[PDB]
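In the block that follows, a single chain appears as structure tokens, in the form deposited in one PDB entry.
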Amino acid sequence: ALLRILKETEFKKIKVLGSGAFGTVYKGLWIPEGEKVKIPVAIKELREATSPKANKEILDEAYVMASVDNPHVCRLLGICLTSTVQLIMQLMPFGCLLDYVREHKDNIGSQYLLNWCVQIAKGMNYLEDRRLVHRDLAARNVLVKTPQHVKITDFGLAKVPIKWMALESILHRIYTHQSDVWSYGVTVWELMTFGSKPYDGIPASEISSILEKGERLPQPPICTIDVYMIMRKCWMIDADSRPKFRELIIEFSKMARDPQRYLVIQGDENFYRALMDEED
């Protein structure tokens, strides 16, 4: 009952937020039949052709992605299956952290960057308890609800991010909770470099070759060595040598209580009912 099957006549698409090869994402509003409320939602219309055989496969995975309950993980709210499947989730008025961190390059402090690292690790730690592998962790897949509250989305999507995958994922298609730790390190690198592109100048056809010869992402200018060594431990060849999500929460939470020691940032020195693009 956590996944609600909506009728096509009870939600509206207003504006597209972006498109691609897996579907178009819209901004919209949801009014359940009877209830007298408006709910801002995001609607992702797929390109997958529906059918009694395919509809059963889509629905069964949509029930597990509606059963997550963590402050830093996004929950799937509803599905509409007609001649085209439409997925409905809550609208995150601030967008994704890649675009956010890139647009506020010159005004993000050490407290926000480290707190984002703790919040993302908590959401990935909960997914581990629920035995769900994300498989595509990146700064583009972290949504911002408020500047002090982020949530991870689009998990369990293997129903290609070569530069975010662990080495065992590139070579043998192995996706585990420890390969997610690798993707977490790259995501942290994105935040600490204010949205830079990883391995800039290297083709994706060479990423597997370049990692085994000993290459890693460089040390971000604002990070001390203590922050960088955590990120590098996420990129070890031996999967069981990478840190756990439990340990990452603890170590990054210790650094958040004295943020200026661990991040050198230029000019570094309740939230109830807040929006940004829910208007214009």
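Numbers for residues come from their place in the sequence shown, where the first is 1. Basically, rigid core = biggest C-alpha set you can superpose within 1.5 Å across the two forms.
Just so it is clear, the following notes concern the form deposited in another entry, a form of the same protein that is not shown.
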| property | result |
| --- | --- |
| Moved residue between this form and the one not shown - picked from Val64, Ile237, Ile39, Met229, where its Cα shifts 2 angstroms or more relative to the rigid core | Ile39 |
| C-alpha of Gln260 moved at least 2 Å between this form and the one not shown on rigid core | no |
| Shift of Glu48 between this form and the one not shown at or above 2 Å (CA, core fit) | yes |
| CA-CA separation of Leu275 and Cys96, closer or farther in the other form than in the form shown [shift of 3 angstroms or more] | farther |
| CA-CA separation of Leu137 and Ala21, closer or farther in the other form than in the form shown [shift of 3 angstroms or more] | closer |
